[PDB]
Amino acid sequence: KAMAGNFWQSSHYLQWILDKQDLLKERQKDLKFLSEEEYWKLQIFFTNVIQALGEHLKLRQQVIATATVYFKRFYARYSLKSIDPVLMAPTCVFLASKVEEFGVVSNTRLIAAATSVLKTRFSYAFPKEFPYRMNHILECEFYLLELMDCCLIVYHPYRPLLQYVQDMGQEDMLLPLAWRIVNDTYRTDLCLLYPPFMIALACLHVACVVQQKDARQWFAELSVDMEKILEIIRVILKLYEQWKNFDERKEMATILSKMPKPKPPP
């Protein structure tokens, strides 16, 4: 609930809704080693890593989403060369957990979760075990916080989605599918480009089209830039075509070897 009604004066809105062309210009650094398809395949993979880390640790979806966004924001600015994203991913889960107040993740529980998740659920992408100790996470935490400019409160499309479905009165029919589609939007850049509520309307639009509910007049009763909603719908539909044509399990070893790697000292 903290800061619920403050999006339009929040640090998310004022610093972390980015320009698409600016985003694409900073990305060209990592596109010397990876293709546009391979980089997206990388993003999809590590979003699944963070989800898997969250589920092991028994964190609610909103905490996982915040950790997902911390990751995206970081790599929107800096190279994959900068810090190993194998180390960054649990660091984001760890920092995000501390933003919450109900329960704490301990050190040994985080490193245990990172070790176990990668060995059991991701041994297709990683031959060797998770090499990092706790003090590595702790060093990485400081860099994450600093380089996000201490911006920790992230707004997500789930809250507006709950509000919209109840407005329609189709919670049983639409909510599980729409909530699921919201989860999938984190496989894209959507959260860096549009306010949460627009992402949620798009997700609910697609849930209606899949389930063949007609909400043409309900959506008409809204006051919103519909071109921007359609933009987001196109991104969701393009993601499902990648999904079809992407075998994560077969491809990620090769892609992770293409990733540019941190230069050590002499």
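Note that residue numbering begins at 1 and tracks the sequence as displayed. By rigid core we mean the largest C-alpha set that fits within 1.5 Å across both forms.
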| query | finding |
| --- | --- |
| Higher C-alpha RMS shift from the shown form in 9 other deposited structures of this protein - 94-102 or 69-77, rigid core fit | 94-102 |
| Average Cα temperature factor in the PDB entry - higher stretch of 180-188, 166-174 | 166-174 |
| Mean Cα B-factor comparison, 64-72 or 204-212, giving the higher one as deposited | 204-212 |
| Maximum C-alpha temperature factor, selected from 240, 45, 197, 218 | 218 |
| Criterion, highest CA B-factor; candidates, 143, 94, 158, 132 | 132 |
| Third of the chain's Cα B-factor distribution that residue 244 belongs to, per the entry | middle |
| Third assignment of residue 104 from its chain's C-alpha B-factors | highest |
| Relative C-alpha B-factor of residue 255, binned into the chain's lowest, middle or highest third | middle |
| Chain-wide C-alpha B factor ranking for residue 224, given as lowest, middle or highest third | highest |
| Residue 11 by Cα B-factor - lowest, middle or highest third of the modelled chain | lowest |
